[PDB]
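Engineer: Pasting a structure below so you can have a look.
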Amino acid sequence: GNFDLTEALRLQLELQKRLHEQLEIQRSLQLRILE
Amino acid sequence: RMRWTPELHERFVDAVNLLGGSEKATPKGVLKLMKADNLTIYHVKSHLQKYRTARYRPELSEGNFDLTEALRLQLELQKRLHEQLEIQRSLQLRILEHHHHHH
Amino acid sequence: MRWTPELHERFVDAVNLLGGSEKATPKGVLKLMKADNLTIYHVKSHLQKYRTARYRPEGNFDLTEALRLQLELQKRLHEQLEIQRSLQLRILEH
Amino acid sequence: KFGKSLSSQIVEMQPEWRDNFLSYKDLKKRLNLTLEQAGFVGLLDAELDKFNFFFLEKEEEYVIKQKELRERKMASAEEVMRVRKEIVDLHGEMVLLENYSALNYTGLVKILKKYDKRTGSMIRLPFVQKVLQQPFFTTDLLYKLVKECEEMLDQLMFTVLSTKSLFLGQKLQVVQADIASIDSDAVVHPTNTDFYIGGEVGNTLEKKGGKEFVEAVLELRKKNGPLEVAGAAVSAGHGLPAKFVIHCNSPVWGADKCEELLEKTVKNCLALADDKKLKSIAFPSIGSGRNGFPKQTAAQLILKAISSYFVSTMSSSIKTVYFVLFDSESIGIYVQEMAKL
Amino acid sequence: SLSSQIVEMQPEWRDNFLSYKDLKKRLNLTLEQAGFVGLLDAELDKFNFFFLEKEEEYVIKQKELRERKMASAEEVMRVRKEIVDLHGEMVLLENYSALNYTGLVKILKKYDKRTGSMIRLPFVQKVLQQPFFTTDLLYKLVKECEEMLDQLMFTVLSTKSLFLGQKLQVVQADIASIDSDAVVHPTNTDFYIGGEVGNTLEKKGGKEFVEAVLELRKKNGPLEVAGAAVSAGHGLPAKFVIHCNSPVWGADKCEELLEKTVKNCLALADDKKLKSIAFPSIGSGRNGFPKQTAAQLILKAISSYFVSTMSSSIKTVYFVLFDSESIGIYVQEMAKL
Ligand SMILES: O=P(O)(O)O[C@H]1[C@H](OP(=O)(O)O)[C@@H](OP(=O)(O)O)[C@H](OP(=O)(O)O)[C@@H](OP(=O)(O)O)[C@@H]1OP(=O)(O)O
Ligand SMILES: O=P(O)(O)O[C@H]1[C@H](OP(=O)(O)O)[C@@H](OP(=O)(O)O)[C@H](OP(=O)(O)O)[C@@H](OP(=O)(O)O)[C@@H]1OP(=O)(O)O
């Protein structure tokens with residue numbers, strides 16, 4: 001069952017990456033609007 | 001065919017320069033100078049359109065610390081997002097390969 | 001005849017006012033610069049020099065460092081000329 | 001929640017970029033659902049074709065633009081090189097004119113002495129006095145011009161252990177000092193739900209602060225009651241050089257989502273610091289030790305939370321974040337993980 | 001003298017200095033007094049005319065160069081801004097493609113769940129063949145853009161500036177990959193290369209490094225305690241490698257021996273006029289020295305060496321460390337420097 005655990009870990013990493021990329025693209029568009 | 005790549009665009013600009021200025025170059029002459037396979041006059045000509053439009057510079061005929069820091073902050077944010085997207089690419093490829101070889 | 005960067009700045013402004021830099025008349029520039037008793041001859045020669053000068057016909061870090069060394073040598077030579085001037089004046093004082 | 005994040009990213013983009021991501025109306029159609037499922041897959045193929053067209057157009061534009069900008073960069077470098085070369089040459093020519101003047105002066109003094117010796121007169125001194133008044137000798141303007149060229153060429157060409165200037169504009173300093181004596185606007189005090197003061201941080205804050213500090217802690221507990229996990233509260237730094245003290249209930253290693261709770265603890269501390277319009281905050285060793293977090297994990301989580309907080313809060317007033325550390329291993333770990341932000 | 005000075009000059013400078021023809025005139029000679037003074041005044045007027053002409057020319061040139069420089073600066077700033085903006089647009093396109101791919105995957109999973117089918121994998125295989133979501137060329141464009149921006153404008157962990165301007169830098173890198181002039185190799189009397197630094201240095205250098213070590217051992221023989229010897233950095237980014245025999249903890253006067261080891265390494269670095277030197281963790285661990293004691297003694301040796309050696313050519317001293325506790329100890333002890 002270690003394969004399924006690895007797959008779940010990779011999915012969790014994917015979600016974390018999605019949230020971080022959202023924060024960064026938000027900050028970039030913010031900087032554009034402010035300038 | 002329509003996938004313009006840096007090498008193909010370099011060949012295109014070289015042919016244009018052989019014909020002269022981009023404003024006076026002819027798309028038929030450019031097509032004759034480019035031996036690229038499956039290259040139609042339509043693609044050559046639309047690409048000459050986009051190139052000539054991009055090459056125009058109207059700005060020629062007409063605190064700095066804060067500006068430079070804002071620009072550097074923007075660039076740094078973009079770099080961070082690019083590397084994060086690369087990591088996401090790797091993770092997606094791994095997951096897809098495992099799902100392909102294990103179902 | 002004694003041209004200085006301030007008077008030359010005023011001259012360039014007057015030339016910019018009087019049409020183009022090439023299509024300029026020294027008499028009109030003198031009319032735009034009624035100060036310091038400027039003459040038509042001197043202003044005309046200065047405009048000739050300015051027009052002839054404004055024409056622009058149409059490892060790298062090793063070369064940049066050689067250029068830096070050239071600048072440093074020229075600065076040292078300038079300082080040596082300065083101490084030369086002071087020394088020679090003090091000799092003249094005896 | 002992927003759709004919500006996607007839409008929140010879309011709304012902030014340019015009209016060209018929107019309506020080119022796939023619509024999330026396909027969930028509605030999906031609900032209404034093998035022939036009509038084949039029609040749904042055809043809709044997916046239409047979305048694919050849209051992506052293809054948009055991406056190819058943007059890619060061609062970018063290729064053209066990049067070749068153009070590389071050409072312009074090469075031209076600009078060449079022009080800067082030519083300009084600095086010409087300026088250095090002009091500097092040299094001015095120096096050469098100075099040397100011309102001085103050398104002619106020397107030769108003139110020589111010939112004046114020879115004349116005075118040949119005739120037996122004494123005209124060298126007044127003649128040189130008149131020479132000093134000649135404009136070829138008045139080289140003050142040359143001094144000014146050489147200084148201008150040189151300035152143009154110049155413009156053209158409490159112990160702190162470790163510092164990191166964050167890319168977002170803040171300063172992260174690992175320092176070593178008594179956290180109660182450090183002149184920081186906010187000082188973080190990790191405690192429990194009942195606001196214990198038995199912490200080493202709490203012990204030194206009770207030693208430095210007076211009875212009013214303990215009374216302020218008691219009044220904070222009276223107002224807010226119990227402090228939930230990852231939560232945080234603010235009290236006034238009475239009897240302390242610090243302006244405010246931020247108490248927090250750090251989670252325990254092994255709990256459900258304890259890493260996310262540690263990140264939330266850090267973010268709540270920073271949010272409370274911004275709520276008081278403070279410019280500096282001091283963090284002790286949080287997570288590791290008492291709460292059982294491994295040192296590297298806690299360090300990386302705290303630094304992650306700080307960086308992401310400052311990404312999502314451009315209006316933050318915090319300019320400096322201090323890390324008061326005494327354990328050598330913790331200091332090295334914080335330096336390593338801080339240099340990678 | 002004077003003529004030899006004016007030889008190497010442009011034509012307009014020649015025949016504009018003091019002509020020495022007047023010597024003959026002086027040999028021919030108050031009527032001639034007036035003649036001579038008139039000739040001298042003519043020379044003075046020539047000097048003044050030439051000087052004022054050159055001064056006017058220089059003023060014109062300086063004005064033109066100032067304007068040209070401001071124009072070039074504006075162009076530099078414009079190019080920089082546009083390249084940053086293009087980098088941003090390309091990253092935005094990458095994010096476009098990634099988000100669309102993720103949405104497609106989510107929708108395929110939901111479809112396979114609701115309809116009870118299995119088409120997510122072949123549909124994603126089809127997606128992989130599409131013009132979008134093939135961002136190798138776009139990634140290369142972004143990378144070249146970042147290169148150009150780096151031109152347009154190894155990790156240092158801590159930096160300490162000494163009184164005479166020397167830099168002590170704790171960095172995180174491979175000691176064999178650093179471009180420092182000298183790299184210190186802790187060894188024993190027989191130039192043993194099996195140590196940690198030995199293995200990484202050998203990985204980088206290879207046969208050439210081993211041959212250099214063997215030749216140095218043959219030329220020097222036994223490496224005395226607290227001694228040091230230099231070998232050429234063949235096959236290594238470093239120019240030279242300074243092998244030292246650190247003393248053993250508990251030996252007679254092992255503190256002074258470690259101080260002398262560090263100072264001898266520094267003296268060998270200065271003998272070859274080297275500008276930088278890289279130090280690994282010396283004495284601590286293999287030779288039984290406790291970490292903090294060895295770090296402090298080494299830092300004291302370096303400081304007192306730079307105090308007693310005013311002609312030292314060393315400007316930067318690197319500390320390549322891997323253990324976190326060692327890094328923290330060195331940071332703390334440099335704060336005490
Ligand atoms: O965008 P998702 O990642 O698919 O998240 C949820 C999903 O939950 P998951 O996080 O577990 O995937 C919900 O399903 P549940 O597992 O909670 O039952 C689902 O449907 P419900 O909330 O109505 O149950 C909901 O909406 P949808 O039906 O469109 O898939 C959807 O979130 P979205 O509305 O953002 O798609
Ligand atoms: O002009 P210099 O390069 O300095 O050298 C001397 C000069 O020396 P000083 O001016 O330094 O004293 C002599 O000057 P006096 O003897 O008149 O004081 C001068 O005259 P003499 O011929 O009488 O020696 C002689 O002139 P010339 O080139 O004709 O020889 C000349 O040059 P020299 O270096 O060849 O002696």
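Ordered as shown in the structure tokens, chains take letters A, B, and onward, while each chain numbers its residues from 1 and ligands are numbered from 1 in the order shown.
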Find the residues of chain D in contact range of chain C, meaning any atom within 10 Å when counting only C-alpha atoms, and list them as number ranges by chain.

Structural biologist: D: 81, 84-85, 87-89, 91-96, 98-99, 101-103, 105-106, 109, 125, 128-129, 132, 135, 137, 141, 143, 145-147, 150, 153, 157

Engineer: Neighbours of residue 283 of chain D within 9 Å (only C-alpha atoms; same-chain residues fewer than 4 positions away dropped), as a PyMOL selection string?

Structural biologist: chain D and resi 179+186-189+321-325

Engineer: For a test of reading the model, state the distance in Å between atom CA of residue 100 of chain B and atom CA of residue 12 of chain A, rounded to one decimal.

Structural biologist: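 Here the two named atoms are 19.3 Å from each other.
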
Engineer: Using only C-alpha atoms, which chain E residues lie at most 12 Å away from chain A, written as a PDB file with C-alpha atoms, in the first residue's frame?

Structural biologist:
ATOM      1  CA  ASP E  85       7.493  42.600 -18.798  1.00  0.00           C
ATOM      2  CA  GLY E  88       6.174  38.201 -16.855  1.00  0.00           C
ATOM      3  CA  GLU E  89       3.911  37.589 -19.846  1.00  0.00           C
ATOM      4  CA  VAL E  91       5.329  33.136 -17.016  1.00  0.00           C
ATOM      5  CA  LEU E  92       1.653  34.097 -17.218  1.00  0.00           C
ATOM      6  CA  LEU E  93       1.298  31.924 -20.328  1.00  0.00           C
ATOM      7  CA  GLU E  94       2.953  29.022 -18.498  1.00  0.00           C
ATOM      8  CA  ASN E  95       0.461  29.510 -15.656  1.00  0.00           C
ATOM      9  CA  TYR E  96      -2.373  29.642 -18.217  1.00  0.00           C
ATOM     10  CA  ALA E  98      -0.836  24.691 -16.216  1.00  0.00           C
ATOM     11  CA  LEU E  99      -4.198  25.858 -14.854  1.00  0.00           C
ATOM     12  CA  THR E 102      -5.267  20.908 -14.070  1.00  0.00           C
ATOM     13  CA  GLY E 103      -8.876  21.869 -14.774  1.00  0.00           C
TER      14      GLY E 103
END

Engineer: I need the contact residues of chain B against chain A, so if you could list those with any atom within 9 Å, counting only C-alpha atoms, and return them as a PyMOL selection string, that would help.

Structural biologist: chain B and resi 70+73-74+77-78+80-81+84-85+87-88+91-92+94-95+98-99

Engineer: Could you give me the residues within 12 Å of ligand 1, counting only C-alpha atoms and all ligand atoms, as a PyMOL selection string?

Structural biologist: (chain A and resi 11-12+14-15+18) or (chain D and resi 1-8+23-32) or (chain E and resi 102-111+113-114)

Engineer: Keeping only C-alpha atoms, write the selected residues to a file as a short mmCIF file (atom, residue, chain, number, x, y, z; two decimals), in the first residue's frame.

Structural biologist:
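Wrote it out as again01.cif, contents follow:
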data_model
loop_
_atom_site.label_atom_id
_atom_site.label_comp_id
_atom_site.auth_asym_id
_atom_site.auth_seq_id
_atom_site.Cartn_x
_atom_site.Cartn_y
_atom_site.Cartn_z
CA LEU A 11 -1.63 15.00 -4.56
CA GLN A 12 -1.14 16.92 -1.30
CA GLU A 14 0.05 19.46 -5.81
CA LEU A 15 -2.60 21.26 -3.75
CA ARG A 18 -1.57 25.42 -6.31
CA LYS D 1 -12.13 24.64 -4.33
CA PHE D 2 -10.01 24.64 -7.49
CA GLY D 3 -12.75 26.50 -9.35
CA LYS D 4 -12.83 29.28 -6.75
CA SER D 5 -9.06 29.81 -6.91
CA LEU D 6 -9.16 29.72 -10.72
CA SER D 7 -11.94 32.32 -10.88
CA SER D 8 -10.19 34.52 -8.29
CA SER D 23 -15.16 27.59 -18.47
CA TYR D 24 -16.36 25.96 -15.27
CA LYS D 25 -19.86 25.67 -16.67
CA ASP D 26 -18.84 22.13 -17.69
CA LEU D 27 -19.75 21.06 -14.15
CA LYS D 28 -23.37 22.05 -14.81
CA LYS D 29 -23.42 20.20 -18.14
CA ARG D 30 -21.65 17.25 -16.48
CA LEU D 31 -24.43 17.15 -13.88
CA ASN D 32 -27.09 17.12 -16.60
CA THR E 102 -5.27 20.91 -14.07
CA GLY E 103 -8.88 21.87 -14.77
CA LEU E 104 -9.03 19.32 -17.59
CA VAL E 105 -7.69 16.61 -15.27
CA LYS E 106 -10.26 17.47 -12.58
CA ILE E 107 -13.10 17.40 -15.13
CA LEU E 108 -11.92 14.06 -16.51
CA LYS E 109 -11.85 12.57 -13.01
CA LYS E 110 -15.38 13.82 -12.31
CA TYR E 111 -16.58 12.43 -15.65
CA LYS E 113 -16.64 9.02 -11.57
CA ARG E 114 -20.16 10.01 -12.63
#

Engineer: Produce as a list in words the set of residues near ligand 2, where near means within 12 Å with only C-alpha atoms and all ligand atoms considered.

Structural biologist: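 Going residue by residue within 12 Å of ligand 2, we get residues 106, 107, 108, 109, 110, 111, 112, 113, 114, 115, 116, 117 and 118 of chain D; 1, 2, 3, 4, 20, 21, 23, 24, 26 and 27 of chain E.
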
Engineer: Take the residues from that selection and put them in a file with N, CA, C and O atoms, as a PDB file, in the first residue's frame.

Structural biologist:
ATOM      1  N   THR D 106      57.010  76.369 -18.839  1.00  0.00           N
ATOM      2  CA  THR D 106      58.375  76.008 -18.459  1.00  0.00           C
ATOM      3  C   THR D 106      59.384  76.510 -19.487  1.00  0.00           C
ATOM      4  O   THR D 106      60.380  77.165 -19.136  1.00  0.00           O
ATOM      5  N   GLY D 107      59.147  76.206 -20.766  1.00  0.00           N
ATOM      6  CA  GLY D 107      60.048  76.682 -21.804  1.00  0.00           C
ATOM      7  C   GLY D 107      60.159  78.194 -21.844  1.00  0.00           C
ATOM      8  O   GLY D 107      61.238  78.743 -22.103  1.00  0.00           O
ATOM      9  N   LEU D 108      59.053  78.889 -21.568  1.00  0.00           N
ATOM     10  CA  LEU D 108      59.066  80.346 -21.581  1.00  0.00           C
ATOM     11  C   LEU D 108      59.905  80.900 -20.437  1.00  0.00           C
ATOM     12  O   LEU D 108      60.660  81.860 -20.622  1.00  0.00           O
ATOM     13  N   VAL D 109      59.796  80.303 -19.248  1.00  0.00           N
ATOM     14  CA  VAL D 109      60.655  80.717 -18.139  1.00  0.00           C
ATOM     15  C   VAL D 109      62.121  80.491 -18.491  1.00  0.00           C
ATOM     16  O   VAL D 109      62.986  81.333 -18.201  1.00  0.00           O
ATOM     17  N   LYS D 110      62.424  79.354 -19.126  1.00  0.00           N
ATOM     18  CA  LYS D 110      63.803  79.072 -19.520  1.00  0.00           C
ATOM     19  C   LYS D 110      64.341  80.149 -20.458  1.00  0.00           C
ATOM     20  O   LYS D 110      65.441  80.685 -20.248  1.00  0.00           O
ATOM     21  N   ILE D 111      63.577  80.478 -21.501  1.00  0.00           N
ATOM     22  CA  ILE D 111      64.067  81.466 -22.463  1.00  0.00           C
ATOM     23  C   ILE D 111      64.134  82.856 -21.835  1.00  0.00           C
ATOM     24  O   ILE D 111      65.008  83.659 -22.189  1.00  0.00           O
ATOM     25  N   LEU D 112      63.255  83.162 -20.876  1.00  0.00           N
ATOM     26  CA  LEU D 112      63.347  84.447 -20.190  1.00  0.00           C
ATOM     27  C   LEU D 112      64.628  84.545 -19.371  1.00  0.00           C
ATOM     28  O   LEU D 112      65.288  85.594 -19.360  1.00  0.00           O
ATOM     29  N   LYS D 113      64.992  83.468 -18.673  1.00  0.00           N
ATOM     30  CA  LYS D 113      66.258  83.467 -17.943  1.00  0.00           C
ATOM     31  C   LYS D 113      67.437  83.627 -18.891  1.00  0.00           C
ATOM     32  O   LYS D 113      68.382  84.375 -18.602  1.00  0.00           O
ATOM     33  N   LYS D 114      67.405  82.922 -20.025  1.00  0.00           N
ATOM     34  CA  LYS D 114      68.492  83.054 -20.992  1.00  0.00           C
ATOM     35  C   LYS D 114      68.603  84.485 -21.507  1.00  0.00           C
ATOM     36  O   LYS D 114      69.712  85.008 -21.670  1.00  0.00           O
ATOM     37  N   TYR D 115      67.466  85.142 -21.749  1.00  0.00           N
ATOM     38  CA  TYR D 115      67.495  86.531 -22.201  1.00  0.00           C
ATOM     39  C   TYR D 115      68.079  87.448 -21.133  1.00  0.00           C
ATOM     40  O   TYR D 115      68.925  88.303 -21.426  1.00  0.00           O
ATOM     41  N   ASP D 116      67.611  87.306 -19.888  1.00  0.00           N
ATOM     42  CA  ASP D 116      68.127  88.150 -18.813  1.00  0.00           C
ATOM     43  C   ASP D 116      69.623  87.959 -18.620  1.00  0.00           C
ATOM     44  O   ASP D 116      70.334  88.918 -18.293  1.00  0.00           O
ATOM     45  N   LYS D 117      70.123  86.738 -18.822  1.00  0.00           N
ATOM     46  CA  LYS D 117      71.562  86.517 -18.715  1.00  0.00           C
ATOM     47  C   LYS D 117      72.304  87.115 -19.906  1.00  0.00           C
ATOM     48  O   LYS D 117      73.395  87.676 -19.746  1.00  0.00           O
ATOM     49  N   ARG D 118      71.727  87.013 -21.106  1.00  0.00           N
ATOM     50  CA  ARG D 118      72.407  87.505 -22.301  1.00  0.00           C
ATOM     51  C   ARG D 118      72.515  89.026 -22.297  1.00  0.00           C
ATOM     52  O   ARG D 118      73.571  89.578 -22.631  1.00  0.00           O
TER      53      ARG D 118
ATOM     54  N   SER E   1      64.404  66.620 -24.972  1.00  0.00           N
ATOM     55  CA  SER E   1      63.470  66.835 -23.872  1.00  0.00           C
ATOM     56  C   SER E   1      62.139  67.380 -24.382  1.00  0.00           C
ATOM     57  O   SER E   1      61.187  66.628 -24.579  1.00  0.00           O
ATOM     58  N   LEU E   2      62.093  68.698 -24.593  1.00  0.00           N
ATOM     59  CA  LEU E   2      60.867  69.352 -25.048  1.00  0.00           C
ATOM     60  C   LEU E   2      60.406  68.794 -26.390  1.00  0.00           C
ATOM     61  O   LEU E   2      59.236  68.418 -26.556  1.00  0.00           O
ATOM     62  N   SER E   3      61.315  68.738 -27.367  1.00  0.00           N
ATOM     63  CA  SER E   3      60.964  68.190 -28.673  1.00  0.00           C
ATOM     64  C   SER E   3      60.567  66.724 -28.566  1.00  0.00           C
ATOM     65  O   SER E   3      59.605  66.283 -29.207  1.00  0.00           O
ATOM     66  N   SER E   4      61.304  65.948 -27.764  1.00  0.00           N
ATOM     67  CA  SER E   4      60.937  64.554 -27.545  1.00  0.00           C
ATOM     68  C   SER E   4      59.572  64.438 -26.882  1.00  0.00           C
ATOM     69  O   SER E   4      58.860  63.450 -27.094  1.00  0.00           O
ATOM     70  N   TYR E  20      61.895  77.300 -30.581  1.00  0.00           N
ATOM     71  CA  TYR E  20      63.204  77.599 -30.024  1.00  0.00           C
ATOM     72  C   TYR E  20      64.081  78.356 -31.014  1.00  0.00           C
ATOM     73  O   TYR E  20      65.254  78.622 -30.718  1.00  0.00           O
ATOM     74  N   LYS E  21      63.524  78.715 -32.179  1.00  0.00           N
ATOM     75  CA  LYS E  21      64.229  79.559 -33.140  1.00  0.00           C
ATOM     76  C   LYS E  21      64.727  80.835 -32.482  1.00  0.00           C
ATOM     77  O   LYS E  21      65.802  81.344 -32.821  1.00  0.00           O
ATOM     78  N   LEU E  23      66.210  81.276 -29.929  1.00  0.00           N
ATOM     79  CA  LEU E  23      67.581  81.129 -29.447  1.00  0.00           C
ATOM     80  C   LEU E  23      68.559  81.836 -30.372  1.00  0.00           C
ATOM     81  O   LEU E  23      69.373  82.657 -29.928  1.00  0.00           O
ATOM     82  N   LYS E  24      68.488  81.535 -31.672  1.00  0.00           N
ATOM     83  CA  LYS E  24      69.323  82.248 -32.633  1.00  0.00           C
ATOM     84  C   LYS E  24      69.112  83.749 -32.515  1.00  0.00           C
ATOM     85  O   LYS E  24      70.076  84.524 -32.527  1.00  0.00           O
ATOM     86  N   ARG E  26      68.207  85.322 -29.796  1.00  0.00           N
ATOM     87  CA  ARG E  26      68.945  85.684 -28.591  1.00  0.00           C
ATOM     88  C   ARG E  26      70.442  85.734 -28.853  1.00  0.00           C
ATOM     89  O   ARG E  26      71.151  86.550 -28.254  1.00  0.00           O
ATOM     90  N   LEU E  27      70.943  84.877 -29.748  1.00  0.00           N
ATOM     91  CA  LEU E  27      72.361  84.923 -30.082  1.00  0.00           C
ATOM     92  C   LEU E  27      72.698  86.155 -30.910  1.00  0.00           C
ATOM     93  O   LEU E  27      73.838  86.635 -30.868  1.00  0.00           O
TER      94      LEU E  27
END

Engineer: Identify which of the residues D:309, D:334, D:253, D:326 lies closest to chain A, counting only C-alpha atoms when measuring atom-to-atom distances.

Structural biologist: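 Under the stated criterion, the closest residue is D:309.
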
Engineer: For chain D, list the residues within 8 Å of chain A, counting only C-alpha atoms, and write the list as a list in words.

Structural biologist: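 Selected residues: residues 5, 9, 12, 13, 308, 311, 312 and 314 of chain D.
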
Engineer: As a ChimeraX atom specification, please: the residues near segment 324-329 of chain E (cut-off 7 Å, only C-alpha atoms, same-chain neighbours under 5 positions excluded).

Structural biologist: /D:328-329,331-333 /E:291-292

Engineer: Could you produce a table of the residues of chain D lying within 7 Å of chain E, with the nearest pair of atoms per residue and their separation in Å rounded to one decimal, using only C-alpha atoms, ordered by chain and increasing residue number, as a Markdown table?

Structural biologist:
| residue | atom | partner | partner_atom | distance |
| --- | --- | --- | --- | --- |
| D:21 | CA | E:100 | CA | 6.0 |
| D:22 | CA | E:100 | CA | 6.4 |
| D:51 | CA | E:132 | CA | 6.4 |
| D:52 | CA | E:132 | CA | 5.3 |
| D:55 | CA | E:132 | CA | 5.7 |
| D:56 | CA | E:131 | CA | 7.0 |
| D:69 | CA | E:83 | CA | 6.8 |
| D:73 | CA | E:79 | CA | 6.7 |
| D:76 | CA | E:76 | CA | 6.4 |
| D:79 | CA | E:72 | CA | 6.9 |
| D:80 | CA | E:72 | CA | 6.5 |
| D:83 | CA | E:69 | CA | 6.6 |
| D:104 | CA | E:18 | CA | 6.0 |
| D:107 | CA | E:18 | CA | 6.7 |
| D:115 | CA | E:26 | CA | 6.6 |
| D:134 | CA | E:48 | CA | 6.9 |
| D:135 | CA | E:48 | CA | 5.9 |
| D:136 | CA | E:48 | CA | 4.7 |
| D:161 | CA | E:335 | CA | 6.0 |
| D:162 | CA | E:158 | CA | 5.8 |
| D:328 | CA | E:328 | CA | 4.7 |
| D:329 | CA | E:325 | CA | 3.8 |
| D:331 | CA | E:328 | CA | 4.9 |
| D:332 | CA | E:328 | CA | 3.8 |
| D:333 | CA | E:324 | CA | 5.5 |
| D:335 | CA | E:157 | CA | 6.3 |
| D:336 | CA | E:157 | CA | 6.7 |
| D:339 | CA | E:157 | CA | 6.5 |

Engineer: So the first atom is atom CA of residue 169 of chain E and the second is atom CA of residue 318 of chain E; what is the distance between them in Å, to one decimal place?

Structural biologist: 4.9 Å

Engineer: Mind pulling up the distance from atom CA of residue 149 of chain D to atom CA of residue 86 of chain C?

Structural biologist: 22.8 Å

Engineer: Which residues are near residue 55 of chain C? Cut-off 12 Å, only C-alpha atoms, ignore same chain within fewer than 3 positions. Put them as an MDAnalysis selection string.

Structural biologist: (chainID C and resid 21:22 48:52 58) or (chainID E and resid 61 64)

Engineer: Given the selection you just returned, output its residues as a file containing N, CA, C and O atoms, formatted as a short mmCIF file (atom, residue, chain, number, x, y, z; two decimals), in the first residue's frame.

Structural biologist:
data_model
loop_
_atom_site.label_atom_id
_atom_site.label_comp_id
_atom_site.auth_asym_id
_atom_site.auth_seq_id
_atom_site.Cartn_x
_atom_site.Cartn_y
_atom_site.Cartn_z
N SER C 21 18.46 72.66 -35.80
CA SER C 21 19.87 72.85 -35.48
C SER C 21 20.70 73.14 -36.72
O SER C 21 21.70 73.87 -36.64
N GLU C 22 20.32 72.58 -37.87
CA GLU C 22 21.03 72.83 -39.11
C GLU C 22 20.49 74.07 -39.84
O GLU C 22 21.28 74.84 -40.40
N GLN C 48 29.04 77.13 -36.60
CA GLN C 48 29.71 76.25 -37.56
C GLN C 48 30.35 75.07 -36.85
O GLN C 48 30.18 73.91 -37.26
N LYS C 49 31.09 75.34 -35.76
CA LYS C 49 31.71 74.26 -35.00
C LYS C 49 30.66 73.32 -34.41
O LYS C 49 30.85 72.10 -34.42
N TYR C 50 29.55 73.87 -33.91
CA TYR C 50 28.51 73.04 -33.32
C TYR C 50 27.85 72.15 -34.36
O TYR C 50 27.60 70.96 -34.10
N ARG C 51 27.56 72.69 -35.54
CA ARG C 51 26.95 71.90 -36.60
C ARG C 51 27.91 70.81 -37.09
O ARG C 51 27.49 69.68 -37.33
N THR C 52 29.19 71.14 -37.23
CA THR C 52 30.16 70.13 -37.65
C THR C 52 30.42 69.09 -36.57
O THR C 52 30.85 67.98 -36.89
N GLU C 58 26.89 57.05 -39.28
CA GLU C 58 26.45 55.68 -39.05
C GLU C 58 26.83 54.79 -40.22
O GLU C 58 25.96 54.23 -40.90
N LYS E 61 31.97 69.36 -26.97
CA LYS E 61 32.00 67.90 -26.86
C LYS E 61 31.37 67.43 -25.56
O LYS E 61 30.67 66.41 -25.53
N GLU E 64 27.57 67.62 -25.77
CA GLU E 64 27.05 66.55 -26.61
C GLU E 64 27.11 65.21 -25.91
O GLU E 64 26.16 64.42 -25.97
#
